[PDB]
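Worksheet: one structure, shown below.
Please treat every number below as a calculation from the coordinates, not as lab data. Here the Cβ is made from the backbone with ideal geometry for all residues, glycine too, and neighbour counts use every protein chain on show.
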């Protein structure tokens, strides 16, 4: 992959969650990694009135995200991804699985599913 | 996507619906976007006596529509598309899902299902 | 499509049907369009003793027929196609569905199923 | 289809069958068309101790046989094919379905299933 | 096929079987053909502690074997194949189906299932 | 294969297992072969909080490992693979099945499933 | 004698320890209780042969099982014992025994039932 591709700027976060008193499930998320990334679509989506994706089976990836491989990182299930852009609303991604471009061990590619895109999206806890 | 391709002129509408006294459902569609667009077929069609499509599993698209991407727009489930041509009868498309040509964010491509084509078709509310 | 392709001469007909006194169904077919057309097979055929096709899944097409797109025509379910050739016995096609070669709107392509080929075939009503 | 291809010499036949007194069904095969042909395998074969093919799904074709298209023939269900060779034992083919190479109507291709190959095979009734 | 390809030396055998007094079944295999052959893998294998292949669905092949076509031979279900190599242990193949390279009738190709490979393999009855 | 490909250094081990007093199963793994090998990914992975792979359908392989074919070795079910790298945490592969690159018998290719990758992973019994 | 966890039923480890291991000497132990037969065709087959697994099938009820109410409570436990053995091939008279041939199970059944009794 060439340098110029990585147009997009993203924030990688981890998830910690607990239970409200009412029984509702609360999610809070913190940024952990910074860098540029390259993003490609894989599947069409359809938005609700406020841009929350509708999908069955809930873990068929839609966007492929690639960035520099980091041996000191150990991605796991609880990952997320964040992207705030020039004009378009901020967007959340959920990480389904990981893959090295090759065992040359130079670039880390994530399979992801889009979730939300609207002005009210919570921004990652810094 | 070269300039010359966008032969077709289309009007994008939003749907507003309610209930008659007899319980039957009513539809109203309001033009919100106008511009040139390019159209490609994807699947065959089977017309009734008055040209209304005949399909089950309506979630599958038939025609691909491409036009300029717009960051200030939020396409959603309730979309439609309208097209009036020089000689051919007016036609209604229903929008299934959306996709960027790439994350380059230049062109927005819709996947649509053809519904009607005949002289009696209502024209979009101005 | 090139000009030379359209070797075959065909007659497109509409169907009119009713009920005999005995309760059986009678069919009548009316000639409505004349012109040359190009034909391509898609699937093998199995002929009975008198050449009447034999297929389950009647919706599966066998032959693609291509001819000039006509904006003033509205092909629909009740279509047929008739063809009389130099030496070969006549043949009836049943139209399954329609498709523009592209939205350029120049040529109309039909998906068809073969029915009969023998000397006793009824010729289209003039 | 170049001239040199049609190595093989084949005898096309029609089937005539009846019932013995014991209730077992008798078959008689008559020769009707002569000519050269080209043959291509499509699927593997499993031979019993005396070469009679062993396979379920009897509709599955195995060998494609091509020869000159004949407008004055009405190949149908009851067809067969017979072929005798220089050293290898004779073989019977059962015709499954027919197809023109194209609507150019020059060459007739048959889809066939191999049945028998051994020295005791009956030769076509002349 | 080129001459150089046929690296491997093989022995084609026939199977004769009977019943012990205890009721278990006995196998003995007789060499009938000798010659060079070319072998290609088609599927992966899993070996038990002593190399006997483990896989359900016995009917699917694993290795393709090609040798000179022979009109005076009639391969059948009861075939086998044997091969002893320079260093690696012997191996038994079971023959599934058969196919000419083409109806040119020059080379016979077998589809085989690997069974065993170890030092204790019984060698073909001469 | 080219020489430069085999970047990775691996240790191939055999498994020995027994039963604790509590009824749980204990595994012991022994180094038996060492050498350079080349690795390719085939499928995505999903890591638990400590990098242990999460996936059912255990017969599914993920990484392809190739190394010099050894006629004096008899790979079998109980195989494994071990790899310690410069910075990345160690990793255990479980061998699913084996295949020669060709019957030329130069290189042995394994199909493997990744299991673990973390600092606590045991090292092969020398 | 032994010491049982409960008074009137046995957990799967207890089965694997006291009914299977002491009866079948062929198994040098290796009567292994497992959560369930799920990781089979390429996870468990690597175990040295012969060996036997013990795993719950489904917990179930044989009648009324309303918790709390002062009436008896009935429970069921479905579990499966699955063995694994090689094949002997004695190759008498220049002929091998076929890869598939009758294998004696009656003796195994009799031994197991006698031990359970």
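A few comments on the model shown:
- You will find that of G:22, G:64, the residue that is in contact with a helix residue (DSSP H, G or I) (Cβ under 9 Å, 6 or more places away or on another chain) and surrounded by fewer than 16 Cβ atoms within 10 Å (Cβ to Cβ) is G:22 and no other.
- Hey, residue F:11 facing chain A (nearest Cβ under 10 Å), surrounded by 13 or more Cβ atoms within 10 Å (Cβ to Cβ) and part of a strand (DSSP E or B) or not: no
- Inside the stretch G:47-73, residues that are in a strand (DSSP E or B) and within 13 Å of chain F (Cβ to nearest Cβ) make up a count of 4.
- Filter result for residue G:37 (surrounded by fewer than 18 Cβ atoms within 10 Å (Cβ to Cβ) and within 13 Å of the chain's Cα centre (by Cα)): yes
- Condition broken by residue C:30, with the remaining ones in (1) surrounded by fewer than 17 Cβ atoms within 10 Å (Cβ to Cβ); (2) free of Cβ contacts under 8 Å to residues at least 40 places away in the same chain; (3) over 27 Å from residue D:99 (Cα atoms) satisfied: (2)
- Any chance residue G:72 is loosely packed, with under 13 Cβ neighbours inside 10 Å and under 12 Å from the mean Cα position of the chain (by Cα): no
- Test: residue in the stretch G:86-108 that is surrounded by fewer than 16 Cβ atoms within 10 Å (Cβ to Cβ) and closer than 24 Å to residue F:94 by Cα: yes
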